[PDB]
Each structure stands twice: as structure tokens, then as C-alpha cells.
Amino acid sequence: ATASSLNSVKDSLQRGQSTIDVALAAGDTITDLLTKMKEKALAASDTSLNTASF
Amino acid sequence: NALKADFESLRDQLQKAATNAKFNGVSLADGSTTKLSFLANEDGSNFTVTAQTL
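For the record, the sequence lines run as chains A and B.
Residue 56 is where the first sequence starts when you use UniProt numbering, and the numbers rise one by one after that.
Residue 110 is where the second sequence starts when you use UniProt numbering, and the numbers rise one by one after that.
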């Protein structure tokens, strides 16, 4: 009975693997967007830009 | 009188040449601003150069 019950534990661990997989798949996009936001704010920090480019 | 009128004329053209010195809305010779602080590093450090009014 214990050996048969272990299959649900395996299923839960695999479901958790899939969940962190989806979370990392979105975290890649989050890090890329954060890098682009730092790009924009960093370029905007320069005082030599005219009001339109800013 | 002719040399005096020529002197006033060259002074006017010098003022116009001073007014027209700017690149994309900013200038280091017109005196529009005391300085422009260009970017220096990824941490937001700035490479400033003071404007030299002309």
C-alpha cells in the first residue's frame, strides 16, 4: 500500500518541476525587460538629450 | 565711418554664429546651460564637461 501510494508523491514532485519551469520561462522575459528598462533610464539620465528624445 | 560700420557688421555676424552653434537642441558655446554631463559608466556615473560660452 505504501509502495502504491508513492506514485502520487512522484506526480506532485513532477508537477512542481513543471511549475518552476513555467516560472523560469517567464523570469527570462522579466530579466530581459528589466535590462531594457535599465537601458532606457540610463540613456535618459544624460542631460545632453533634447526634450523630444527624452 | 566705413570701418566702424564694418565692425558693427562683423559683430552681428559673430553673434549669429554664436547663436547657431547647437547640435540637436543642445550647445556648449551658446551658453544655454552651464554644463552637460555625459554618461560614463553603467552605474550612472557621468562624464561632465562645462559649457564654454562663446
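For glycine and all other residues, C-beta sits at the position ideal for the given N, C-alpha and C.
Query                                                                                                                                                         : Result
Quick one: residues in its chain with C-beta nearer than 6 Å to the C-beta of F147 (chain B), no 5 flanking neighbours on either side, listed in chain order? : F156
Quick one: measure Cβ to Cβ for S100 (chain A) and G153 (chain B), integer angstroms, because I've assumed they're closer than 8 Å.                           : 6 Å
Along the stretch 75-100 of chain A, where does the CB come closer than 7 Å to a CB of chain B? Name the residues.                                            : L97, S100
Can the beta-carbon of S103 (chain A) be found closer than 9 Å to that of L112 (chain B)?                                                                     : no
Would DSSP call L68 (chain A) helix, strand or coil?                                                                                                          : helix
Taking only three categories from DSSP, how would you classify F156 (chain B)?                                                                                : strand
So, under 8 Å CB-CB, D139 (chain B) and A130 (chain B) are touching, yes? Tell me the CB distance rounded to an integer number of Å.                          : 6 Å
Assuming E151 (chain B) contacts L97 (chain A) under a Cβ cut-off of 8 Å, what Cβ separation, rounded to an integer in Å, is found between them?              : 7 Å
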